[PDB]
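One structure is given below, encoded as structure tokens.
Basis: the model, the stated rules and, where named, an outside source; no laboratory read-out is quoted. Here the Cβ positions follow ideal geometry from the backbone for every residue, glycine too, while neighbour counts run over all protein chains shown.
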Amino acid sequence: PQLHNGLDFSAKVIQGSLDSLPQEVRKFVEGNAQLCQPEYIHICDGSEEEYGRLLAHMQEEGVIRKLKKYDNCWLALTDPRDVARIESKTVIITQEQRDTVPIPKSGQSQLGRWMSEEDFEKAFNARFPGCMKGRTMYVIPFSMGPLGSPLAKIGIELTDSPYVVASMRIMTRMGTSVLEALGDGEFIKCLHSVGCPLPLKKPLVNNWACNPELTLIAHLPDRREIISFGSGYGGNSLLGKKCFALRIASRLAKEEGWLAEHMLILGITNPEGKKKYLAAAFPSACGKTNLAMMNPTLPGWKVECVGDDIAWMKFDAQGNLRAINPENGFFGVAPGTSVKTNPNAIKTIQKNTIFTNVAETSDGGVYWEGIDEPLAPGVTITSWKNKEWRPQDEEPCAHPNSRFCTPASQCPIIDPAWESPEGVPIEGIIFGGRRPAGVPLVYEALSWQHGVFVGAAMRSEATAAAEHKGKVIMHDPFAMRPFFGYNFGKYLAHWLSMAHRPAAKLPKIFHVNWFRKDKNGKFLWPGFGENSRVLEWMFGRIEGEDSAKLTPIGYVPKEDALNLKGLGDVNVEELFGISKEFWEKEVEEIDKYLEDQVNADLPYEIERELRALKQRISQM
Ligand SMILES: Nc1nc2c(ncn2[C@@H]2O[C@H](COP(=O)(O)OP(=O)(O)OP(=O)(O)O)[C@@H](O)[C@H]2O)c(=O)[nH]1
Ligand SMILES: O=C(O)C(=O)CS(=O)(=O)O
Ligand SMILES: [Mn+2]
Ligand SMILES: [Mn+2]
Ligand SMILES: [Mn+2]
């Protein structure tokens with residue numbers, strides 16, 4: 001009802017019907033339309049026709065360019081201030097801070113940023129009133145997970161950015177059929193705005209609307225709401241991905257007895273016709289997509305990709321840990337991708353793919369650092385800054401965090417069970433990061449509790465995916481430091497509690513380091529497709545082969561248990577060397593970090609593993 005005509009937004013709907021929406025969905029749309037004051041409302045149906053119109057629109061507005069060399073590929077260039085996740089402006093709102101982070105002993109917490117509800121209410125009111133003036137509010141109904149899967153969750157994202165709509169069509173399962181599956185069920189509420197109401201006060205850089213000063217990505221798990229403002233980029237704007245499927249979902253998983261993790265899922269088949277699935281948690285920019293899509297060098301071996309970034313996992317009735325990939329595409333780092341490093345990615349991204357912040361070649365192609373592919377005479381390069389670029393400048397032609405956004409079904413090695421609603425059974429979990437020194441190529445944990453400790457102890461040198469710089473080794477437990485939805489101490493107790501379940505078939509836990517360097521500063525291990533030799537060892541250990549020897553840090557391959565044939569002069573001594581001096585400093589750094597950062601919420605089993613490791617190292 002109403003006394004005037006201010007609350008019914010039906011006359012502004014340019015696609016779809018407010019009447020056809022489930023009542024709670026309609027309330028969510030109209031209430032925020034009243035707040036944000038969009039000029040039009042577009043209820044997405046996910047059709048090819050709609051997608052063509054969005055692309056055509058964005059091209060007419062100068063937001064994207066067609067890459068004529070390929071089949072239905074497009075390039076978007078952003079404001080150079082809006083190029084990555086912003087960890088420092090990502091907050092979680094709970095009534096009590098201890099729900100979100102452990103209360104640190106003395107330092108500031110690194111395991112999340114908590115914000116009180118009263119403080120958020122002020123931040124929200126300073127940002128969202130009137131923020132979509134003159135723009136279209138797009139209503140994106142999307143499913144994380146196969147539309148019907150038991151672990152599948154549905155969200156509605158409101159946004160004023162057609163770039164978000166187009167990317168969400170690739171990255172999620174999106175459109176009318178999700179609304180039918182939803183009915184009057186629960187959904188995650190996602191509100192996004194680039195924060196540039198019209199008329200524009202500030203002209204735009206690269207036609208890219210954003211509000212860096214006011215950027216805020218907020219999560220309200222008790223209300224099942226994600227609210228994001230000011231950034232159009234990646235993990236800030238595609239709210240189904242990091243915000244929903246890791247942060248909100250890890251809290252739900254704690255509540256409901258499952259796991260939401262920053263992990264790839266791959267299936268690997270050996271020359272004897274046996275196939276196993278492994279999950280791997282590496283931090284951002286540490287190689288998950290390269291491993292998930294690997295072209296193995298070992299003959300008779302095959303790798304198939306289930307997902308490259310997010311895994312949702314749960315024990316089934318039989319005690320198997322089952323994982324699904326909740327995403328519908330890959331949002332992968334472009335620089336360093338080449339026929340040599342990731343050939344299966346090259347095959348995937350040549351059609352139906354949106355590129356963000358890579359270079360354009362004058363003949364309609366893409367360029368980036370490490371593409372390892374020479375151009376023809378007369379071909380010129382336009383950098384991601386929309387400038388002429390010669391390899392004589394100091395700056396790269398593509399932003400280091402530039403991305404492709406591509407449908408998963410196009411991957412030539414996509415696993416046949418990647419959409420199976422029952423998931424794939426996980427038999428091994430891999431942890432790892434960038435460690436230039438000290439940490440061997442691969443080791444295996446001694447027990448479930450030791451393996452949880454290994455995940456908790458993860459460290460990695462700083463990358464270009466958050467907003468960090470310098471040559472610093474930082475802690476990134478479980479590769480989840482930017483993504484915890486709740487208290488990390490309780491997250492550890494959650495993982496440890498999996499060993500208490502009956503008939504639980506606990507996977508083996510490994511740690512890898514592709515990144516160890518010699519005194520020269522050059523890598524000791526060739527990596528990429530050669531990592532299949534490490535997976536072969538893991539495969540045999542899962543089958544029970546007697547191929548390991550005991551060290552103070554866990555099991556390492558026996559000499560000659562690794563197929564090194566063809567690599568030639570690999571320094572096995574340095575790749576698997578374990579120095580007492582290095583590990584005495586390492587355990588101290590882990591001790592200081594867990595004492596300060598997890599404090600009273602640190603499970604005793606984790607402290608016991610820290611003590612045991614300290615003792616094994618002292619006896620060296
Ligand atoms: N030296 C070396 N570098 C690697 C290897 N695998 C991947 N990389 C490098 O790591 C960078 C990032 O790898 P990705 O696979 O895109 O990282 P990701 O873990 O999927 O990161 P997110 O999508 O941000 O979560 C690439 O540019 C690669 O060059 C490897 O085996 N050895
Ligand atoms: O940062 C990461 O791990 C990503 O996968 C990219 S974004 O989705 O966070 O932008
Ligand atoms: Mn216009
Ligand atoms: Mn990631
Ligand atoms: Mn990736």
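State all residues of the stretch 190-203 that are surrounded by fewer than 16 Cβ atoms within 10 Å (Cβ to Cβ) and either without any contact (Cβ under 8 Å) to a residue 12 or more places away in the chain or touching an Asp or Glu at 6+ places or on another chain (Cβ under 7 Å) (or both); if no residue qualifies, say none.
First, the residues of the stretch 190-203 that are surrounded by fewer than 16 Cβ atoms within 10 Å (Cβ to Cβ): 198-203.
Once the filter is applied, which keeps residues that are surrounded by fewer than 16 Cβ atoms within 10 Å (Cβ to Cβ) and either without any contact (Cβ under 8 Å) to a residue 12 or more places away in the chain or touching an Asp or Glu at 6+ places or on another chain (Cβ under 7 Å) (or both), the stretch 190-203 yields 200, 201, 202, 203.
Quickly run through the stretch 287-334 and pick out the residues that are within 16 Å of ligand 4 (Cβ to nearest atom), in a loop (DSSP other than H, G, I, E, B) and farther than 21 Å from residue 537 by Cα.
308, 309, 310, 325, 326, 327, 328, 334 - these are the residues of the stretch 287-334 that are within 16 Å of ligand 4 (Cβ to nearest atom), in a loop (DSSP other than H, G, I, E, B) and farther than 21 Å from residue 537 by Cα.
Within the stretch 276-303, track down each residue that is more than 21 Å from the chain's Cα centre (by Cα) and hydrophobic (A, V, I, L, M, F, W, C).
So the first thing to find is which residues in the stretch 276-303 are more than 21 Å from the chain's Cα centre (by Cα), and the list is 276, 295-302.
The answer is 298, 301.
List the number of the failed condition for residue 65; all other conditions in (1) exposed (fewer than 14 other Cβ atoms within 10 Å of the Cβ); (2) over 23 Å from residue 158 (Cα atoms); (3) among the charged types (D, E, K, R) hold.
Only one criterion in (1) exposed (fewer than 14 other Cβ atoms within 10 Å of the Cβ); (2) over 23 Å from residue 158 (Cα atoms); (3) among the charged types (D, E, K, R) is unmet by residue 65, namely (1).
Based on this model, can you work out whether residue 528 counts as within 31 Å of the chain's Cα centre (by Cα), within 16 Å of ligand 1 (Cβ to nearest atom), closer than 18 Å to residue 295 by Cα and crowded, with 19+ Cβ neighbours inside 10 Å? Spell out the reasoning first.
Details: within 31 Å of the chain's Cα centre (by Cα): yes; within 16 Å of ligand 1 (Cβ to nearest atom): yes; closer than 18 Å to residue 295 by Cα: yes; crowded, with 19+ Cβ neighbours inside 10 Å: yes.
Spelling it out, residue 528 is indeed within 31 Å of the chain's Cα centre (by Cα), within 16 Å of ligand 1 (Cβ to nearest atom), closer than 18 Å to residue 295 by Cα and crowded, with 19+ Cβ neighbours inside 10 Å.
Could you say which residue among 341, 337 is crowded, with 23+ Cβ neighbours inside 10 Å and in contact with a helix residue (DSSP H, G or I) (Cβ under 9 Å, 6 or more places away or on another chain)?
Numbers: 341 fails: crowded, with 23+ Cβ neighbours inside 10 Å.
Testing whether each residue is crowded, with 23+ Cβ neighbours inside 10 Å and in contact with a helix residue (DSSP H, G or I) (Cβ under 9 Å, 6 or more places away or on another chain) leaves just 337.
Looking at 81, 98, 53 in this structure, which one is touching a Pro at 6+ places or on another chain (Cβ under 6 Å) and either part of a helix (DSSP H, G or I) or farther than 19 Å from residue 404 by Cβ (or both)? I'd like the intermediate steps shown before the answer.
Numbers: 98 fails: touching a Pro at 6+ places or on another chain (Cβ under 6 Å); 53 fails: touching a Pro at 6+ places or on another chain (Cβ under 6 Å).
Sole residue among the options that is touching a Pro at 6+ places or on another chain (Cβ under 6 Å) and either part of a helix (DSSP H, G or I) or farther than 19 Å from residue 404 by Cβ (or both): 81.
Quick one: count up the residues across the stretch 427-436 that are touching a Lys or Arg at 6+ places or on another chain (Cβ under 7 Å) and either among the hydrophobic types (A, V, I, L, M, F, W, C) or part of a loop (DSSP other than H, G, I, E, B) (or both).
Let us first name the residues in the stretch 427-436 that are touching a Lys or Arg at 6+ places or on another chain (Cβ under 7 Å), namely 427-428, 433, 435-436.
Cutting the leftovers down to either among the hydrophobic types (A, V, I, L, M, F, W, C) or part of a loop (DSSP other than H, G, I, E, B) (or both) gives us 433, 435-436.
Number satisfying all stated conditions: 3.
Do we find a residue being touching a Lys or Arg at 6+ places or on another chain (Cβ under 6 Å) and either within 16 Å of ligand 4 (Cβ to nearest atom) or not assigned by CATH to the domain that holds residue 24 (or both) anywhere in the stretch 139-155?
Within the stretch 139-155, one or more residues are touching a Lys or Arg at 6+ places or on another chain (Cβ under 6 Å) and either within 16 Å of ligand 4 (Cβ to nearest atom) or not assigned by CATH to the domain that holds residue 24 (or both).
Looking only at strands (runs of 3 or more DSSP E) that fall completely inside the stretch 218-274, which ones have 3 or more residues that are among the aliphatic types (A, V, I, L, M), within 16 Å of ligand 5 (Cβ to nearest atom) and in contact (Cβ under 8 Å) with a residue 12 or more places away in the chain?
Details: elements: 225-229, 259-261, 264-269.
Where strands (runs of 3 or more DSSP E) fall fully within the stretch 218-274 and carry at least 3 residues being among the aliphatic types (A, V, I, L, M), within 16 Å of ligand 5 (Cβ to nearest atom) and in contact (Cβ under 8 Å) with a residue 12 or more places away in the chain, they are 264-269.
In this structure, does residue 166 turn out to be in a helix (DSSP H, G or I) and within 16 Å of ligand 4 (Cβ to nearest atom)?
Working: in a helix (DSSP H, G or I): yes; within 16 Å of ligand 4 (Cβ to nearest atom): no.
No; evaluated as a whole, the condition is false for this residue.
Would you confirm whether any residue within the stretch 572-581 is within 16 Å of ligand 1 (Cβ to nearest atom), part of a loop (DSSP other than H, G, I, E, B) and either polar (S, T, N, Q) or touching a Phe, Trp or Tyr at 6+ places or on another chain (Cβ under 8 Å) (or both)? Quick ask: steps written out before the conclusion?
Let us first name the residues in the stretch 572-581 that are within 16 Å of ligand 1 (Cβ to nearest atom), namely 574-575.
Imposing the further condition that a residue be part of a loop (DSSP other than H, G, I, E, B) reduces the set to none.
No, there is no match, as no residue in the stretch 572-581 is within 16 Å of ligand 1 (Cβ to nearest atom), part of a loop (DSSP other than H, G, I, E, B) and either polar (S, T, N, Q) or touching a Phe, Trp or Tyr at 6+ places or on another chain (Cβ under 8 Å) (or both).
Identify all residues within the stretch 130-146 that are part of a loop (DSSP other than H, G, I, E, B) and in contact with a helix residue (DSSP H, G or I) (Cβ under 6 Å, 6 or more places away or on another chain); write none if there are none. Quick ask: steps written out before the conclusion?
The first filter runs over the stretch 130-146 and keeps only residues part of a loop (DSSP other than H, G, I, E, B), leaving 130-135, 145-146.
Matches in the stretch 130-146: 131, 132.
Scan the stretch 4-25 for residues that are under 19 Å from residue 179 (Cα atoms) and of a type in the set (A, V, I, L, M) and jot them down.
Result: 13, 14, 18, 21, 25.
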